[PDB]
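Engineer: One structure coming up, written as structure tokens, with questions to follow.
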Amino acid sequence: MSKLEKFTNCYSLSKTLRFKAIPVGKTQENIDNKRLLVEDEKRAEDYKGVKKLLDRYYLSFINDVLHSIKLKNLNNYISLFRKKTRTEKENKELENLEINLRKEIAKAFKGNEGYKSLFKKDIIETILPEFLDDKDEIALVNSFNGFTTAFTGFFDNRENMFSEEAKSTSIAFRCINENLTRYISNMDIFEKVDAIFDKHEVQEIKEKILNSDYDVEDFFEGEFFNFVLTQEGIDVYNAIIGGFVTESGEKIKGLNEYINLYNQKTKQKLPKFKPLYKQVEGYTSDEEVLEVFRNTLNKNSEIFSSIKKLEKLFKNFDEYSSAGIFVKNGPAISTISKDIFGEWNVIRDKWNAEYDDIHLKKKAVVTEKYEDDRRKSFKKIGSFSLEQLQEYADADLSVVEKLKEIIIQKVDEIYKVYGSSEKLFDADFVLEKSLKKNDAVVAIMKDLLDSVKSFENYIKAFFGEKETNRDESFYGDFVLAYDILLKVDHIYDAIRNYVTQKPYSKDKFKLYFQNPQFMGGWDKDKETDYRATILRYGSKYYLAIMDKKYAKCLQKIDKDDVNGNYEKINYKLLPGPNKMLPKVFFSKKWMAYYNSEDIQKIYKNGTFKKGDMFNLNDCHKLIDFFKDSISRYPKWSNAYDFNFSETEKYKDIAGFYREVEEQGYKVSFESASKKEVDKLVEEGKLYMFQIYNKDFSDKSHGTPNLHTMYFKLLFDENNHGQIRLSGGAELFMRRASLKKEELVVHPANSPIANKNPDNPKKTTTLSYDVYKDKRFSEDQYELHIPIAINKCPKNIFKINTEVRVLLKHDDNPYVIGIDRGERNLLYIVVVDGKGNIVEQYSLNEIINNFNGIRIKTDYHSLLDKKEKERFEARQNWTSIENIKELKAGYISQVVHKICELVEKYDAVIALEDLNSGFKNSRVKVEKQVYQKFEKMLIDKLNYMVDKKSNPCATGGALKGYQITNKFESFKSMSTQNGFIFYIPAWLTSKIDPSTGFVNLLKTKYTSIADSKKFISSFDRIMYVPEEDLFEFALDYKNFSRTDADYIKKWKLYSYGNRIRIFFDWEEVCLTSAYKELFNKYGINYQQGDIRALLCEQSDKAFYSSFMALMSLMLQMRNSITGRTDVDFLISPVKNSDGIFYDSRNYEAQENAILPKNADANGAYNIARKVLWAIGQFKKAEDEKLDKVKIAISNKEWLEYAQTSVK
Amino acid sequence: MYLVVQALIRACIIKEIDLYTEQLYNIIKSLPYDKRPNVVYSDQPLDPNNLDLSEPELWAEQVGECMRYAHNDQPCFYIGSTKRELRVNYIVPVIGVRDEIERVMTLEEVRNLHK
Amino acid sequence: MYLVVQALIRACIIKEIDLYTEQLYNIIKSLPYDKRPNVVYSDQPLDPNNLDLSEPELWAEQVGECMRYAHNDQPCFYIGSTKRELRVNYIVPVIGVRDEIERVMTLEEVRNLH
RNA sequence: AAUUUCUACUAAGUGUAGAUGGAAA
Ligand SMILES: [Mg+2]
Ligand SMILES: [Mg+2]
């Protein structure tokens, strides 16, 4: 038994097969004459209308119920907030009071004032008819009587609104975290400046116009927050601040405008108020998108005004509190250090040096775990003041002034773009083409939106997330401008989704056929209520739907052997036995079935469930009650073949229900005379759609799809319970999205060219027409049948532990290792239990194998063509969604090449871990697509299955492996999942695999002191004359940050040549370069150790160039970026034999024993880490295996990589 | 008068454009995809004789599939790759890269692009 | 007052006939030898709208090999077989099989002829 | 450049090779 054969039948897993339904015979004319489409097309076209109406009613209900709320904890929250908490374990009760507050706002929501007749079927049936005064708006909601089940998802999303899950889509979180915050903030901002606005200029007016009762003070006074929860409440609050309209063109001036004009003092800088938040593009026509663009970005719209306000606000960066403006720590510091200082990692390094001088001792070297903790403490830091960022720089270089310069530069960029786009903003513009094909119009939209958006993404860093004293005089204006500028995201995401949108459309609606419960399940007894069956003739499976008024039209049909007989699929499965049997037997039917009191009293206690140790007789007493009642209840005794097990097998109650559910599946075949059903079709009494997809058609010979195999096995005889037909099918209709004036067709008998350059046959002469998107130019019914694979699973156990136990006890476990690369989209190498490489290759050429011949579709030259295509397209918006839809239709043909090795080797898989890695920007498969790969390789291993295998054998479609848990979320990809070990990827590609060397120095030039200390930190610099090499004997103890290594005594050499990047490229030879460098300065390099000789030259031109060659010696990763044919990794250190590792000595081998490219090295060293983890599993005891760590830290990894090769 | 001839010679120009596109579409339909010339595309007829190459609203890309319409048989082309859905009715092969268009390629060169 | 207008019509109709012969040279090049249509070859540009079939000069034979000229790109045609050494520059397909021309076969029917 | 749908195709001629969980917001 291989390691895999144990993993099947583990857990339940439901999928949704789809198909095309072809109306057969005279059913199309009947659907057209009875008009069963324009009705169901009118419904799912106005359903958005009833969504609008239900939103209106929910808002009216919320505003009618929040005029009775009372936040009693408010009088204490208001004082608890302004305590200067200084938590000291006292803010936890603050959190608790806040939670109880948001809950006591949802008590009336969840409990009273309705909320029952709100989300059930009642609201569209009876409640909403009252809540209306129009006939139009009543006709819609009256037409949905009975079709409430077409909402349940909407009602689902509308329960997120009444709960307090601490999410943006809730009411309580809105009126607690984003109102009370701003409420108290503005209240204190007023308390500061209360006596500024004198009476006779603001008060006498804001009294008479707004309310003239509890006029202006009460809204700031006390607990009147119990009034600013409605919409009229927040409207009157912004009327206090922003002002009124007085129903004419007066526009009296508001509090914020009064603080604005109170700049008469010209030294005001006063903190302005903030409003309250309140709860509740195009993509239709080219003219609409152009109008929305002009209305949302022209020089009058609010976005350009906000750009002007930000230009002004950052032009005055001097007159603000330089200790109150906070850049946000995170990704933005990486670039802020490049703009402000001049290097990529200045801020992080200054902060690391400071943290060294605080927390670290004066140890002669750092410790790996200490450096990790320092990185962690940095990551925890929230924000940085401009003052600190001033401290990290030297003198004669401000930080506020440099930021002012940078922001002004970006704003001048935006202005220049707006100047190069004036042609589009004229009101009298017109188009010569459609926007999707027009590019000198989309290139301008993109050049403008990219400018505005890369300004908005560089400004956002000035927020810093919740702080100490800040500069309110800055943040008032900043937030007021930025919250407006933020709408460019909506615009840029709703114009790109219109210039990218394909020409056709998959917009469908649902067919009900005048029946709410249509097709909701396949049961024999309920046919006359669901009206849907699945006939089968020969090898073709027909749907069958009766009508509205002839529900009894498929019963009186006998076999009668007329040489035509539709089969018919029946014998309903069993619905939820764990609740069904208690429901189907305790539904008050004890009147005239049995006589006993012993069973009835243990029912009264209900002592047959858990909540006790265990019992042998009480549990099986109820088990036998159910058993000897079903074996006499005729509705189930005749239907199912209830062959239960013996009495000693039961050990719990769940076993009984699992057995009852496993036994209640008997999809059976009845017969029916073909002429009678055909006449039923012709009489207009039965609509017979044929299920279809290109693997059912007679002219197809190759391998069928996967889902076709599942749908055929749904009705096999060797499918006992593994793939069963979970009820709930659906039938949708898709209108034609292409005008028949727009089909394009490769005409008949005209030789066509073949797009695949690796294909031998370079033409094709088909004797018919090959339309383009023929499927989108015709009305197409589609059918959605859900199935439930492995419904009743037997082998229940945890997988993360069983894989570990199976690896420990195994002697030779293979390990596949998958890593991206620069010249290879995905390199694979599979290494056995010792460390040998048993197979290694690249996934660039996917070799498709059919009918005994194999043709290799490349996927790198193809992606290279699409990149060269994107390079010269002038709009890059549909030409960069094509690459994103190729790279995700490539990692669906890699998934097969991985689920082939996982079965050929019984291996585990070793994937890179994406939460803790920075791949260097030239690797082809970027991270956003990799995460889509690791999520597509989990969803496949959930039910791994081989199409070309006997459907019963282990591995085939009925008993497929389940070697991974379901996919939870992208952040739960760490340290284990089934057979998929997630291993970090540090020191993985730049590490020579013959020895285990790695380059831990720092060989960039800084000065002459550092350089002389460097050349003095070695042990030997000697020209061996017999080998013509410059032996550098180094000991890693002298240098810094080299606490990771293990051997710590290396003999570097100068063997081989290197490829300096210079983007130029220059092939240098190391020994010759050193000879030339030493001759250029007169250094007699034949005196063994020339260490002291090397520390004599005193210019800056020597140590600036010696460090260069010393760096080129420790490279091991030479690339040219021009040829995939010459890239290679070479090591400067001899191995146990004496020869260097030169990856060009293995490219010319059929199956080498070491990595060939420099990308096979990446995946080889990603698989070795998992071999080390397997090593760890062979230590602990089977009770501790669930606790062994897998995250192999750099010290452990270098040790394992330097001890294995001897 | 003399302003009707100049409303009829602009109908000889179009019967020349159609002939040129039909001559091309049978000389592009044969080259294997990695050799198709760089073209200047447009949805309004492009005279390959003069073409005023200096106009800034015509780019130069490759030409992908050359299909043929359904109702009539007007030979639509496909700039770049198909999945861009950039279907253009009239092309003319040039010898320039993306935007620095050098000169209009003559049909003899497009023919000798296959060898 | 008709100095050059005739020289405009004589160019428009010739360009139309050339487009027709270029649309037909393919539909001929993609057929089996035994399914070619019956041509009325004349080596002078012929029209497909009328063709004046009453003239006793237009013949009726199956077309031979359709060869693309090498000096210019003209689609020349052969008639019968290469043993007749007949070479023409303009043809039109008709369903007048032998010598009596009932009708001129339209393009969609010389395509469908396969 | 055909498809339940996506990607790559033409794959021996109305198709080939992998993948595919839909509905909903
Ligand atoms: Mg297939
Ligand atoms: Mg395609």
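Every chain in the structure tokens has a letter given in the order shown (A, B, ...), and although residue numbers restart at 1 in each chain, ligands are simply numbered from 1 in the order shown.
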For ligand 2, return the neighbouring residues as a PyMOL selection string (distance at most 9 Å; only C-alpha atoms (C1' of nucleotides) and all ligand atoms).
Structural biologist: (chain B and resi 82-83) or (chain D and resi 1+7-9)
Engineer: Counting only C-alpha atoms, a student should be able to say which residues of chain B come within 8 Å of chain C; what is the right answer, written as JSON, numbers by chain?
Structural biologist: {"B": [5, 9, 11, 12, 15, 16, 18, 19, 22, 23]}
Engineer: For the selection you just gave me, I'd like the residues written to a file as a compact mmCIF listing (two decimals), in the first residue's frame, keeping N, CA and C atoms.
Structural biologist:
# COMPACT_ATOMS: atom_id res chain seq x y z
N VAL B 5 -17.72 64.72 -60.76
CA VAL B 5 -16.55 63.87 -60.95
C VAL B 5 -15.83 63.67 -59.62
N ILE B 9 -14.88 60.01 -58.49
CA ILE B 9 -13.54 59.46 -58.34
C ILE B 9 -13.33 58.94 -56.93
N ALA B 11 -15.38 57.23 -55.60
CA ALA B 11 -15.93 55.89 -55.66
C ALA B 11 -15.10 54.95 -56.52
N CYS B 12 -14.08 55.47 -57.20
CA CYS B 12 -13.03 54.61 -57.74
C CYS B 12 -11.97 54.34 -56.68
N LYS B 15 -13.32 51.33 -54.71
CA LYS B 15 -13.16 50.06 -55.41
C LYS B 15 -11.70 49.71 -55.62
N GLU B 16 -10.79 50.65 -55.39
CA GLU B 16 -9.39 50.29 -55.33
C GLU B 16 -9.01 49.78 -53.94
N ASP B 18 -10.97 48.22 -51.80
CA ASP B 18 -11.50 46.87 -51.64
C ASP B 18 -10.64 45.85 -52.37
N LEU B 19 -10.22 46.16 -53.59
CA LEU B 19 -9.34 45.25 -54.30
C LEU B 19 -8.03 45.06 -53.55
N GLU B 22 -8.58 42.80 -50.60
CA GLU B 22 -8.77 41.41 -50.99
C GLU B 22 -7.47 40.78 -51.48
N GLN B 23 -6.59 41.58 -52.08
CA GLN B 23 -5.29 41.06 -52.46
C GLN B 23 -4.44 40.77 -51.23
Engineer: Which neighbours of stretch 36-42 of chain C fall inside 9 Å, counting only C-alpha atoms (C1' of nucleotides), when residues of the same chain fewer than 3 positions from it are skipped, and could you give them as a VMD selection string?
Structural biologist: chain C and resid 28 31 to 33 45 to 46 57 to 64 77 79 88 to 98 105 110 113 to 114
Engineer: With 6 Å as the limit and counting only C-alpha atoms, what residues in chain A lie close to chain B? Please list them as a VMD selection string.
Structural biologist: chain A and resid 437 743 to 746 872
Engineer: Atoms to include: C-alpha atoms. Write the selected residues as an mmCIF file, in the first residue's frame.
Structural biologist:
data_model
loop_
_atom_site.group_PDB
_atom_site.id
_atom_site.type_symbol
_atom_site.label_atom_id
_atom_site.label_comp_id
_atom_site.auth_asym_id
_atom_site.auth_seq_id
_atom_site.Cartn_x
_atom_site.Cartn_y
_atom_site.Cartn_z
ATOM 1 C CA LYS A 437 -11.798 49.783 -30.094
ATOM 2 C CA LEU A 743 -20.191 36.804 -36.862
ATOM 3 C CA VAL A 744 -16.829 36.158 -38.473
ATOM 4 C CA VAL A 745 -16.126 32.760 -39.976
ATOM 5 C CA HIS A 746 -13.147 30.967 -41.429
ATOM 6 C CA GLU A 872 3.239 48.213 -28.065
#
Engineer: Show me which residues line ligand 1, defined as having an atom within 7 Å of a ligand atom where only C-alpha atoms (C1' of nucleotides) and all ligand atoms count, and present them as a list in words.
Structural biologist: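 These are the residues that qualify: residues 695, 702, 703, 704 and 705 of chain A; 16 and 17 of chain D.
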Engineer: Output the selection as a PDB file, in the first residue's frame - C-alpha atoms (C1' of nucleotides) for each residue.
Structural biologist:
ATOM      1  CA  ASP A 695     -18.663  15.190 -25.152  1.00  0.00           C
ATOM      2  CA  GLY A 702     -11.391  11.543 -27.425  1.00  0.00           C
ATOM      3  CA  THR A 703     -11.457  11.661 -23.649  1.00  0.00           C
ATOM      4  CA  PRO A 704     -14.570  13.224 -22.093  1.00  0.00           C
ATOM      5  CA  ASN A 705     -14.436  16.117 -19.683  1.00  0.00           C
TER       6      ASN A 705
ATOM      7  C1'   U D  16      -8.551  17.648 -29.314  1.00  0.00           C
ATOM      8  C1'   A D  17      -5.800  18.275 -24.275  1.00  0.00           C
TER       9        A D  17
END
